[PDB]
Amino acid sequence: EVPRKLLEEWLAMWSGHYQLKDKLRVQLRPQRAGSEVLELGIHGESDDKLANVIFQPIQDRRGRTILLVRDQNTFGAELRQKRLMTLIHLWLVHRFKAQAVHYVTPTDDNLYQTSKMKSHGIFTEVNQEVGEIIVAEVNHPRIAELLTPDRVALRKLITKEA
């Protein structure tokens, strides 16, 4: 069972490294009442939503989980260019045991983020497919490396050493 607290621990190291304010909190709820679409939100001490991912975990015929991402944002400008969305996706992939992440709209920002996350290693392959969607296959060995309890690889991701 993968708690929100794990991402909060990562974000504590990250916020500290980048000399940002502390107390980033993780919320994961249905995006609206009764929905199976979820929203992961990152909130600051005054509850402002500083980043989010709106997505739905689904399964294919073979029982594999895909995260279908409707929207992602880094709202707070000071939080950008620091691999925040990589950390969020690392957590989401682990939480849902995802095999792939599909982005339903190929916006410039979604193309940017998927390409960048591939360069961080969390995806092996990123391509646009029929329907214009972006399909990103999870790099299971890299995910496992980053989740190692010693947090060495994870700290190096945070600082941009690796």
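The numbering used is simple: start at 1 and walk along the sequence shown.
Higher-scoring stretch by recorded Cα B factor average, 132-140 or 30-38
If you average the C-alpha B-factors of 132-140 and of 30-38, the larger mean comes out for 30-38.
On mean Cα temperature factor in this entry, is 6-14 or 19-27 the higher one?
Taking the mean C-alpha B-factor of 6-14 and of 19-27, the larger value falls to 19-27.
Considering only modelled residues of the same chain, in which third does the CA B-factor of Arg62 rank: lowest, middle or highest?
Within its chain, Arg62 is a highest-third residue by C-alpha B-factor, going by the deposited values.
Taking the values exactly as deposited, rank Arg70 by C-alpha B-factor within its chain and report the matching third: lowest, middle or highest.
Ranked within chain, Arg70 CA B lands in the middle tercile.
Mind checking which third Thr114 falls in for C-alpha B-factor across the chain?
For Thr114, whose C-alpha B-factor we compare with every modelled residue in the chain, the answer is the lowest third.
Ranking the modelled residues of this chain by C-alpha B-factor as given in the entry, is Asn52 in the lowest, middle or highest third?
Its C-alpha B-factor, which the entry lists for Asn52, ranks in the lowest third among residues of this chain.
Test of reading the entry: by CA B factor among the chain's modelled residues, which third contains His120?
Lowest third of the chain for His120's C-alpha B-factor.
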